[PDB]
Amino acid sequence: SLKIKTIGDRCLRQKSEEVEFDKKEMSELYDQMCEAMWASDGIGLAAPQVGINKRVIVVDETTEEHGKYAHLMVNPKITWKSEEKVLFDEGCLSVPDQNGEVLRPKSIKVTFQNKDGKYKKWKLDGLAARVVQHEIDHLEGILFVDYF
Ligand SMILES: [Zn+2]
């Protein structure tokens, strides 16, 4: 099963490597990441948090209308960030019992491969832009406490 690594583990500081997409393998990884994320009431997770230093994140988007759902983002890359910043109180399953206000760009554009291997580009803002930037930071060996 996937176990979530916590601050002090050096694998949280190693940069993650690009994935060559495989639909079946990503499906398995997706299922296990979602399970780990949701079991601890998270809304994002990066592969290095579960000991896999590959460039894969998941972002919750559970709704009343459609039920539990999360986006898979393989090799996510920010191609644009707004000049405008917003402050948000962050936490992290890999940094338990710590929170704090972090300034980041309010909106971004991100490219990635989805669950099905299609190349996507989305313009994100609000909470989606926040979770994506936090999760991509994990792939660069960055924890949110580094901003303080
Ligand atoms: Zn995190």
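Residue positions are given from 1 per chain in written sequence order; they need not agree with the entry numbering, and residues without coordinates are hidden. Excluded from the side-chain calculations are hydrogens and water; all other atoms, namely the structure's heavy atoms, are used. Residues with missing side-chain atoms are left out of burial classes, side-chain pairs and their counts.

Structure determination for the deposited model, as stated in its record, used X-ray crystallography, and the stated resolution is 1.95 Å.

> Lay out the layout of surface pockets in plain terms, naming residues and giving numbers.
Gaps left between atoms are located by rolling a probe of water-molecule size over the structure's atoms. We place a 1 Å grid over just the protein atoms. Points where a 1.4 Å probe fits but has no way out form a cavity, open points with protein on both sides within 12 Å along at least 5 of 7 lines form a pocket, and any residue with an atom within 4 Å of a point lines it. Grid points are joined across faces, edges and corners, and a volume is the space filled by probe spheres set on the points. If you add up the space inside the largest pocket, you get close to 310 Å³. If you go around the largest pocket, you meet 18 residues; those closest to its centre are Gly-42, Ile-43, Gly-44, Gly-91 and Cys-92. Going along the chain from the N terminus, every DSSP run of H or I of four or more residues is numbered as a helix, and every run of E of two or more is numbered as a strand. Contributions of two or more residues to the lining of the largest pocket are made by β1 (44-46), β4 (85-90) and α2 (126-139). At 5 residues, the largest contribution of residues to the lining of the largest pocket is made by α2. Per-class residue counts for the lining of the largest pocket are 7 nonpolar, 6 polar and 5 charged. Under the scheme applied here, ten amino acids are nonpolar (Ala, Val, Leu, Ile, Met, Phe, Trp, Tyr, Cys and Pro), four are charged (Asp, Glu, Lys and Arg), and all others, including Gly, are polar.

> Any details on the pattern of salt bridges? Residues and values, ideally.
By convention in these notes, a salt bridge is any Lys or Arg side-chain nitrogen within 4 Å of a carboxyl oxygen on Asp or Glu. Summed over the entire model, instances satisfying the criterion amount to 8 salt bridges. Beyond isolated ion pairs, a larger network of salt bridges with shared partners links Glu-90, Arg-104, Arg-130 and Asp-137.

> Summarise the coordination of the zinc ion; cite the residues concerned and give the values.
For Na, K and Ca the donor cut-off is 3.2 Å; for every other metal, N, O and S atoms count as donors within 2.8 Å. Water does not enter the count, which can leave sites looking incomplete. Surrounding the zinc ion are the protein donor atoms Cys-92 (SG), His-134 (NE2) and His-138 (NE2), which sit 2.1 to 2.3 Å from the metal. Sequence spacing of the donors to the zinc ion: C-x41-H-x3-H. With a gap of 46 residues between them, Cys-92 in the loop between β4 and β5 (100-105) and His-138 in helix α2 connect regions that are remote in the sequence. Across the pair, exposure class does not vary: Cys-92 and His-138 are buried alike. Between buried and exposed lies partly exposed: a residue is buried under 20% and exposed over 50% of the maximum accessible area for its type, with that area taken using a 1.4 Å probe on protein chains only.

> Give a detailed account of the environment of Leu-87, specifying residues and quantitative values.
Mapped onto the elements of the fold, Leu-87 is located in strand β4. Spatially, the C-alpha atoms of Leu-87 and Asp-137 are 16 Å apart, while their sequence positions differ by 50 residues. Residues within four places of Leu-87 in sequence aside, it is in contact with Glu-101, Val-102, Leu-103 and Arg-130. We call two residues in contact when some of their heavy atoms are within 4.5 Å.

> Residue-level account of the sheet that holds strand β3 (residues 70-81), with values.
Between any two strands, at least two bridges found by DSSP are needed for them to pair. Taken together, 5 strands build an open sheet; the order of strands is β1-β2-β3-β6-β7 and the sheet is antiparallel. The two strands at the open ends of the sheet, each matched to only one other strand, are β1 and β7 (119-124). Pairwise comparison of adjacent strand axes, ignoring direction, gives a mean angle of 35° for this sheet. Relative to β7, strand β6 (residues 108-113) runs antiparallel, the two being bridged by 6 bridges. From the neighbouring strand, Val-110 faces β7, where its bridge partner is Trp-122. Lines fitted to C-alpha atoms define the axes, with helix axes restricted to the stretch in contact, and inter-axis angles between N-to-C directions lie between 0 and 180 degrees. Across the sheet, helix α1 (residues 23-39) is in contact with β1, β2 (56-60) and β3; its angle to β2 comes to roughly 50°. Running over the sheet, α2 touches β1, β2, β3, β6 and β7 and is turned about 155° from β2.

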